[PDB]
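For the sequence shown, this note's numbering begins at 533 and goes up steadily by one.
Every residue, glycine too, gets a C-beta built ideally from N, C-alpha and C.
Remarks on the structure that follows.
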Amino acid sequence: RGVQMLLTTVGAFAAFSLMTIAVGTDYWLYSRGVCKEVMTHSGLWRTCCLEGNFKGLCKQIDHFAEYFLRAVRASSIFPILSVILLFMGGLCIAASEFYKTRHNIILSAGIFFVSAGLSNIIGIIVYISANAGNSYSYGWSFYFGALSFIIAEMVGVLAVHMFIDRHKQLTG
Numbered sequence: 533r534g535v536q537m538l539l540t541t542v543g544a545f546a547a548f549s550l551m552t553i554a555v556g557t558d559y560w561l562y563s564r565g566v567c568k569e570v571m572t573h574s575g576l577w578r579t580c581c582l583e584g585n586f587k588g589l590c591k592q593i594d595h596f597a598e599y600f601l602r603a604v605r606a607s608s609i610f611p612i613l614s615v616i617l618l619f620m621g622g623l624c625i626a627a628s629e630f631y632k633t634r635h636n637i638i639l640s641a642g643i644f645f646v647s648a649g650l651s652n653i654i655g656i657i658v659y660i661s662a663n664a665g666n667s668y669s670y671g672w673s674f675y676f677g678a679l680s681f682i683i684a685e686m687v688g689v690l691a692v693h694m695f696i697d698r699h700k701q702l703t704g
């Protein structure tokens with residue numbers, strides 16, 4: 533009893549915090565490069581030198597048919613959508629405590645949490661393939677992105693489970 537609403541609200545906060553950190557940090561890809569050759573860590577927006585005379589200097593990464601994947605990478609729309617959709621899911625499951633007995637809000641939260649995970653997957657694929665445009669390796673903010681997807685799918689499943697559980701009781 534109640535554990536489902538606790539676990540959903542906590543999972544949604546966890547997913548949102550993980551994804552907002554992941555999208556907002558500079559540690560997606562370890563690679564060689566130049567910031568102004570040294571080992572360099574790139575996020576989504578900025579690439580910063582970590583092991584040399586400009587240790588701690590960042591430049592905005594220059595992202596510029598084939599044009600359109602470049603544009604999708606430059607905007608990173610799908611990561612940001614995953615944050616927006618997790619926020620909307622939170623503003624569903626942290627609102628369903630009021631206006632109780634409509635039940636469609638929990639389904640809307642579940643649909644949001646699932647579709648945000650799909651958006652995270654498309655974001656990951658776009659990032660992995662735009663970086664295909666070697667010694668490289670991925671960093672904690674990428675793995676936090678994946679963990680946000682994994683938790684988002686769970687909170688989605690629990691939201692659909694609460695939608696059904698609170699539906700069947702309408703029969704008494």
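- Using a Cβ distance threshold of 9 Å, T579 and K587 do not count as a contacting pair.
- With a cutoff of 9 Å on beta-carbon distance, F619 and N652 are scored as not near each other.
- If you compare the alpha carbons of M571, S607 and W577 with that of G556, the shortest gap goes to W577.
- In this structure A641 touches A691 by the C-beta definition: roughly 5 Å separates them, less than 8 Å.
- Three or more pairs of CB atoms, one per stretch, sit closer than 8 Å, so the stretch 553-568 contacts the stretch 667-676.
- Around the Cβ of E569, a 10 Å sphere holds fewer than 16 other Cβ atoms; the residue is exposed.
- The DSSP assignment places complete alpha helix (DSSP H) segments of no fewer than 4 residues inside the stretch 634-700 at 636-662 and 672-700, in order along the chain.
- In the three-state reduction of the DSSP assignment, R602 falls in the helix class, which pools H, G and I.
- Here the C-alpha atom of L601 lies approximately 48 Å from the C-alpha atom of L702.
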